[PDB]
Each structure stands twice: as structure tokens, then as C-alpha cells.
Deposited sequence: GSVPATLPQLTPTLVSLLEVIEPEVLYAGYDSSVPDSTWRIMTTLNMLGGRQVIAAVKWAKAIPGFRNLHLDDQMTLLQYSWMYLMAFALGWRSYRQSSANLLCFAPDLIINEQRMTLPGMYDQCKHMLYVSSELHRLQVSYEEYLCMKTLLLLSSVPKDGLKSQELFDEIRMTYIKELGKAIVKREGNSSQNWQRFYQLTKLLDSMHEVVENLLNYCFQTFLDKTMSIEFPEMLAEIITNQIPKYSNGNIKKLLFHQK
């Protein structure tokens, strides 16, 4: 029938295979150890997300500096959202098939304190009973949810790409009461800014802390350094579906 492929079905194939953490099961668990193992995983997850974004039609056509800004602004949204999905498809947290934060690990010192935020995303997906195709449009929009105060360099093209995926999600919803579910799902998107703020707050604070000894891979460290000034000056604009 449709031997010409929908934008959704393209996103379906470009979705990167899920990465293992490499966490050792013989060594005892620790908050120190889990966080570091998670940071390393985070780095490889970002490299995957770059390859992913480049495959999004239109994206590779933005200014290269814009492509950078979008990935720098949105990496945490993408990671947290995908986490929420993984956790929903398997209330626990599936960072990786080999590193699941279960009931017991949750009780580790300083653990649930951050995990509550990531759990929130996961319980929203289960609540709203989100489908896979909806998910793929939502994550795409998450790549496009923040911009600098005075816009991007290819603002027009960006505006048009974003407008495209808003429509794409609308199709996902119907292909599955319409406009209310749209509200619902776009309200979840809006509320990612609040999740990410918390997650980034703890991330930056840990990154900058002298006596904390938690390692970060270079991939993440360059971005964290490249963003701390921007967020602590206010050049970020959070694009909201509802004012």
C-alpha cells in the first residue's frame, strides 16, 4: 500500500540499538560506582544521539553551529526521555539491560534523591499509556525544545522542522479523544524542562565539586563545560506548547 515511507517509520529505523553499561556484578554496589558507570554510559549514549540526529531529515541541513547548539541544549532531555521509555517498557529504572536500578539499589545513599525525577518521566509514560510511535515523535521534538535567547542561525529552517514533527505526533495520536491526548502528550513535553533542570542541577554541582571524586567521560565534560556559562547567564529559551 504505502510503499512510500512515513517520517515516523524512518524514525523507527534510525532509533539506535540500546547500549549495555558494562557494570560488574561481582563487585559490591555503591552510589559512587553507579554514578560513574552511568556517566560513562551517558557519554556513549550521546555519541549514539549524534548519529541519530544526523539521520533526522532536515537536521543535517541546519547550520553546523546550530546542530551543535541543539545537541548541547537537549542531550539531557533525550537521555532522560529514553530512560523513561526503557523503564516503562520493562517502577524501576533501566539505564541498561545490565544496570537496572531495582528496589534494593534504590535504597542506597543519595540514590532515590535523583532517581525520583527520572522515575517521574517513566510513570507519566505509563499513566498516559504512550505508544511507541508517539514516543519517537516526542523524543524528536525534545531535540528541538530549547534554543538560545536570540534564536539560532537557521531559525527559519528550525521553525519548519519543529512544525513538521508537531504534525507528525498528531498523526501518531490519530493512527492509535484526539486533541485532549495531544494536550496531554504535549504537556508532558513541556514538563521535561522541569525534570531536566533538576537533573542538570545535580549533574553540574557534582561535576564542579572538588571532594566528590565522581568521574566524567570527555564527551560529556566538554558539553557540561560548554553549557554551565549559558545556563547561569540565561541565554536558553524553553519552547513551550502551553504558556
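Of the deposited sequence, the ranges 1-7, 98-100, 187-191, 259 have no C-alpha coordinates according to the record.
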